Amino acid sequence: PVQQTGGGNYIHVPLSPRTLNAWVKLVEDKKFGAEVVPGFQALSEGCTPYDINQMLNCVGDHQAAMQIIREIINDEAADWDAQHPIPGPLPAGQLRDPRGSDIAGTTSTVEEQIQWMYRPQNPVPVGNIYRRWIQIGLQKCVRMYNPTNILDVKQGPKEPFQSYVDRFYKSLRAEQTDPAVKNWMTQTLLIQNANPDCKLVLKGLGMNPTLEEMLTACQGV
Amino acid sequence: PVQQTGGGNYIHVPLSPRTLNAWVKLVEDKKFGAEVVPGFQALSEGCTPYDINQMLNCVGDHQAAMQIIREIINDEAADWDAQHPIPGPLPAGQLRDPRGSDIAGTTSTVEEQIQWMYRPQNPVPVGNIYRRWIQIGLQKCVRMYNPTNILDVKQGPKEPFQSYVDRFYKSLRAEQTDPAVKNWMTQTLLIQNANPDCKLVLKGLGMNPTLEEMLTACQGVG
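Scoring rules and cut-offs
Residues numbered from 1 in each chain as written, not as in the entry; some residues may be left out. Chains lettered and ligands numbered in written order. Part of a larger assembly, values for the part shown. Heavy atoms only, no water. Helix = DSSP H or I, 4+ residues; strand = E, 2+ residues; numbered from the N terminus. Rg over C-alpha atoms; globule rule 2.2 N^0.38 Å. Buried < 20%, exposed > 50% of the residue type's maximum accessible area, 1.4 Å probe, protein only. Contact = heavy atoms within 4.5 Å. Areas by Shrake-Rupley, 256 points an atom, 1.4 Å probe, with all protein chains shown as cover. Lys, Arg positive; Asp, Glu negative; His and termini not counted. Charge placed at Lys NZ, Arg CZ, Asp CG, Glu CD. Buried area = accessible area lost by both parts, 1.4 Å probe. Salt bridge = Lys/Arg side-chain N within 4 Å of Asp/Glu carboxyl O. Nonpolar A, V, L, I, M, F, W, Y, C, P; charged D, E, K, R; others polar. Pairing = 2+ DSSP bridges. Expected span 1.5 Å × (residues − 1). Axes fitted to C-alpha atoms, helices over the stretch in contact; angles between N-to-C directions. Parallel < 35°, antiparallel > 145°, perpendicular 65-115°, else oblique.

This deposited entry lists cryo-EM as its structure determination method and 2.97 Å as its resolution.

> Looking at this structure, how should I read the overall build of chain A?
Helix and strand counts for chain A come out as 11 helices and two strands. The linear arrangement of helices and strands in chain A, starting from the amino end, is β-β-α-α-α-α-α-α-α-α-α-α-α. For a compact globule of 221 residues, the expected C-alpha radius of gyration is about 17 Å, and chain A comes in at 23 Å, more than 25% above that figure. A total of 221 residues make up chain A; the buried ones form 40% of that total. Taking all contacts inside chain A whose residues are at least 6 apart in sequence as the whole, residues at least 24 apart take part in 58%. For chain A, the accessible area works out to roughly 12200 Å², and carbon and sulfur atoms hold 53% of it. Side chains of chain A carry 20 positive and 23 negative charges; the gap between the two charge centres is 5 Å.

> In this structure, what is going on with the overall build of chain B? I would like to understand it.
Helix and strand content of chain B: 11 helices and two strands. Overall, chain B shows an N-to-C arrangement of helices and strands of β-β-α-α-α-α-α-α-α-α-α-α-α. Taking 2.2 N^0.38 as the reference for a compact globule, 222 residues should give roughly 17 Å; the C-alpha atoms of chain B span a radius of gyration of 23 Å, well beyond that estimate. For chain B, the C-alpha atoms occupy an extent of roughly 75 × 35 × 35 Å along the three principal directions. Expressed as a percentage of its 222 residues, the buried residues of chain B come to 41%.

> Please explain the interface of chain A and chain B as it appears in this structure.
It is common to give the size of an interface as the accessible area that goes away when the parts come together. On the chain B side, the residues contacting the four residues of chain A number seven residues. In total, chain A and chain B occlude about 480 Å² of area from one another, counting both sides; carbon and sulfur atoms represent 72% of this. Considering only the surface of chain A that becomes buried against chain B, A:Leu200, A:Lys203 and A:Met207 emerge as the three largest contributors, covering 80% of it. Taken together, the connections running from chain A to chain B amount to zero salt bridges. Of the residues in the side of chain A that touches chain B, the class split is two nonpolar, one polar and one charged.

> Where do I start with the pairing of strand β1 (residues 2-5) of chain A in this structure?
A regular strand places its side chains so that they alternate between the two faces of the sheet. Residue and element names in this part refer to chain A. Taken together, the four bridges between β1 and strand β2 (residues 9-12) define a ladder with antiparallel strand orientation. From the neighbouring strand, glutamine 3 faces β2, where its bridge partner is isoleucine 11. Linkage of β1 to β2, two consecutive antiparallel strands, is achieved through a turn of three residues, within which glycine 7 is found at a positive phi near 100°.

> How should helix α4 (residues 64-83) of chain B be read in this particular structure?
Within an α-helix, residues lying three or four positions from one another point in the same direction, as the helix has 3.6 residues per turn. In this model α4(B) runs 30 Å from its N-terminal to its C-terminal C-alpha over 20 residues, within 8% of the 28 Å that 1.5 Å per residue would give. Those residues of α4(B) that are buried lie in contact with α3 (49-58), α5 (100-104) and α7 (126-145) of chain B.

> Would you mind showing me how to read the packing of helix α3 (residues 49-56) of chain A against helix α7 (residues 126-145) of chain A here?
The axes of two packed helices give the description: the angle between them and the distance between them. All names here are of chain A. Contact geometry of α3 with α7 gives a least axis separation of 9 Å together with a crossing angle of 25°. Looking at the two axes, α3 sits roughly parallel to α7. Residues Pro49, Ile52, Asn53 and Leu56 of α3 form the contact with α7, whose own contacting residues are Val126, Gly127, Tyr130, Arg131 and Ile134. In terms of residue class, the contact of α3 with α7 is made up of six nonpolar, two polar and one charged.

Have a look at this one:
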């Protein structure tokens, strides 16, 4: 990561072992749940790209998804170059405006990544941008790995309604739908994909019922 | 109908032929159905009583229905005469005040009917009054011919609430009854004559459910 000493000077520091270990376990034990995206952000919060790559390169299982993440990052760097003018001839001795693989950090050293993060001329915060690219790759995997889907999620006849809800929302989250679609699905598809006995009761509650009211009333049906 | 010319004068522009044909087509096909009442009102907008009598004459072949309408017009005119009696002897050099049969157009010419329709001192809308008298005659025919009383109307077991509501209201319209009886029927007889599957839900909705909430809740129920 980054350690700033007196005088405004910046230096590189190692990334703690447990943070690397905790990231590895979250990826494997949770089988890339939808919490492997935020779990990555907190553990990587305020760190440099050189140490992130390591965390992603210290995991050996679910390696196929890691290949997907690598491809997404390359594409973000491609667009970065398209939207960032190659400065061209530059005063020699001027820190090079970091390019695409200089945000990922593959073609660059940690010190200049720290120097861009706090560059007085035009600081390029390499860390937040790269974590975001990786997050998009992680999010695609959550959707690809998701076992079922919201439409096929349906309360078992003997299954309780609340269990069906835990399955429904976890998938309304794993499948990252736009908020408006989310409101429509939550207001309607939680009643339509249910069993008929409880569905009538959910209709009896009244229009625009709320989840508290829906769970309380269908409790024990 | 009536047209205006330079100077503030008025003339007659007869009801057109293809407008009369449409009135005939609505009566022959719908057979004095409920829609015959509004079709007439619209095809008669801007027209005068003489032309309303032509429209009825083209469909004069129907006689049981035209006997009911004819009876009503005579009555309303008599009431007009009773509550608007002859003011007294008529000063000469002017048009008489309208009598009940003039509103009909039987004893009166169109020009006199137009002079009242556009009389500066006190214009009498001879045209609209007669259409209303005729509409009460047409409405009675609809109720006479209505094939189904609302109490019999029910929902097919696999039939939905929407079509059943459509049929239940169709009859309630033709069965003018009174607006209050309609409220009791629309909030109860609909649920009572329904099947039990959607009634359970119509009961879950709550008390005094509105139609908007009775139709939304029972969409797909059964």
